[PDB]
Amino acid sequence: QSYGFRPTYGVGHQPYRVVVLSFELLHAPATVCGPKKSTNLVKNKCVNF
Amino acid sequence: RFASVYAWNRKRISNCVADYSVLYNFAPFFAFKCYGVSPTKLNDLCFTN
Amino acid sequence: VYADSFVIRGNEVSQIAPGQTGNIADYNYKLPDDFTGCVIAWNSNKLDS
């Protein structure tokens, strides 16, 4: 069945445009990342990574 | 002619078959917060009254 | 990351969620129980008229 729509129709039956963003936050080579400027790598020295 | 809040009408539901899916096309349904049974899993139950 | 976009009826916007039942979560578009992601919804009556 269709979705003929007019402004005359009331709330609740108005068309809601919905987009879902689904991400597989798991162990894999990442493809999309946030805006963080990576720093140099340090080794054999206690740091936060 | 929905009644006033101070004198709210109480309609009893006698024996029937109730499908809680034709409700969605009767009212705008701004909020549908249901505090007991989950709203989605409602057509699969039978009530005492 | 996958952006699945569409437009549905307003009463069904709460039905696009993990583990829900009804016309749209059983026959149109089902979201997994272990869904991780964001859902964004708004109105579109400005042009859908």
# chains A, B, ... in the order shown; residues from 1 in each chain; ligands from 1
>>> interface_residues(of="chain A", to="chain C", cutoff="10 Å", atoms="only C-alpha atoms", output="MDAnalysis selection string")
chainID A and resid 3:9 11:25 31:32
>>> residues_around(residues="residue 20 of chain B", least_positions_apart="3", cutoff="10 Å", atoms="only C-alpha atoms", output="CSV table (one decimal) with N, CA and C atoms, in the first residue's frame")
chain,number,residue,atom,x,y,z
B,17,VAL,N,-11.8,-10.8,20.9
B,17,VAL,CA,-10.4,-11.0,20.5
B,17,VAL,C,-9.9,-9.6,20.2
B,23,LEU,N,-5.0,-0.1,16.7
B,23,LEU,CA,-5.0,1.1,17.5
B,23,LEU,C,-4.1,2.2,16.9
B,24,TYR,N,-3.0,1.8,16.2
B,24,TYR,CA,-2.1,2.8,15.7
B,24,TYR,C,-2.7,3.7,14.6
B,39,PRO,N,5.0,-3.2,24.8
B,39,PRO,CA,4.0,-2.9,23.8
B,39,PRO,C,4.1,-3.8,22.6
B,40,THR,N,5.3,-4.2,22.1
B,40,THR,CA,5.4,-5.0,20.9
B,40,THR,C,4.8,-6.4,21.1
B,41,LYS,N,5.1,-7.0,22.3
B,41,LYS,CA,4.7,-8.4,22.6
B,41,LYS,C,3.4,-8.3,23.4
B,42,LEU,N,2.3,-7.9,22.7
B,42,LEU,CA,1.0,-7.7,23.3
B,42,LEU,C,-0.1,-8.4,22.6
B,43,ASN,N,0.0,-8.7,21.3
B,43,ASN,CA,-1.0,-9.5,20.6
B,43,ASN,C,-1.0,-10.9,20.9
B,44,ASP,N,0.0,-11.4,21.7
B,44,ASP,CA,0.2,-12.8,22.0
B,44,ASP,C,-0.3,-13.2,23.4
C,22,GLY,N,6.0,-6.3,14.9
C,22,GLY,CA,4.9,-5.6,14.3
C,22,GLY,C,5.0,-5.6,12.8
>>> closest_atom_pairs(of="chain B", to="chain A", cutoff="10 Å", atoms="only C-alpha atoms", output="Markdown table")
| residue | atom | partner | partner_atom | distance |
| --- | --- | --- | --- | --- |
| B:24 | CA | A:12 | CA | 8.7 |
| B:25 | CA | A:13 | CA | 8.0 |
| B:26 | CA | A:13 | CA | 10.0 |
| B:27 | CA | A:12 | CA | 7.5 |
| B:28 | CA | A:12 | CA | 4.2 |
| B:29 | CA | A:12 | CA | 6.0 |
| B:30 | CA | A:12 | CA | 6.6 |
| B:31 | CA | A:12 | CA | 9.8 |
>>> atom_distance(atom1="atom CA of residue 19 of chain B", atom2="atom CA of residue 28 of chain C")
19.6 Å
>>> atom_distance(atom1="atom CA of residue 30 of chain C", atom2="atom CA of residue 1 of chain A")
19.0 Å
>>> select_by_dssp(residues="chain C", states="alpha helix (DSSP H)", output="PyMOL selection string")
chain C and resi 23-27
>>> select_by_dssp(residues="chain A", states="strand (DSSP E or B)", output="PDB file with N, CA and C atoms, in the first residue's frame")
ATOM      1  N   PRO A  15       5.039  11.532   7.682  1.00  0.00           N
ATOM      2  CA  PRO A  15       6.196  10.705   7.320  1.00  0.00           C
ATOM      3  C   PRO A  15       7.422  11.096   8.127  1.00  0.00           C
ATOM      4  N   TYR A  16       7.961  10.134   8.869  1.00  0.00           N
ATOM      5  CA  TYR A  16       9.217  10.313   9.578  1.00  0.00           C
ATOM      6  C   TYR A  16      10.332   9.708   8.739  1.00  0.00           C
ATOM      7  N   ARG A  17      11.272  10.552   8.330  1.00  0.00           N
ATOM      8  CA  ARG A  17      12.470  10.106   7.637  1.00  0.00           C
ATOM      9  C   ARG A  17      13.471   9.619   8.675  1.00  0.00           C
ATOM     10  N   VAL A  18      13.920   8.374   8.534  1.00  0.00           N
ATOM     11  CA  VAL A  18      14.789   7.737   9.512  1.00  0.00           C
ATOM     12  C   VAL A  18      15.975   7.103   8.794  1.00  0.00           C
ATOM     13  N   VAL A  19      17.168   7.364   9.319  1.00  0.00           N
ATOM     14  CA  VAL A  19      18.407   6.757   8.858  1.00  0.00           C
ATOM     15  C   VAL A  19      19.078   6.094  10.052  1.00  0.00           C
ATOM     16  N   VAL A  20      19.450   4.832   9.891  1.00  0.00           N
ATOM     17  CA  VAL A  20      20.202   4.123  10.912  1.00  0.00           C
ATOM     18  C   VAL A  20      21.631   3.958  10.416  1.00  0.00           C
ATOM     19  N   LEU A  21      22.581   4.208  11.308  1.00  0.00           N
ATOM     20  CA  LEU A  21      23.988   3.987  11.011  1.00  0.00           C
ATOM     21  C   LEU A  21      24.451   2.818  11.862  1.00  0.00           C
ATOM     22  N   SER A  22      24.858   1.742  11.198  1.00  0.00           N
ATOM     23  CA  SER A  22      25.260   0.506  11.849  1.00  0.00           C
ATOM     24  C   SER A  22      26.746   0.289  11.618  1.00  0.00           C
TER      25      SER A  22
END
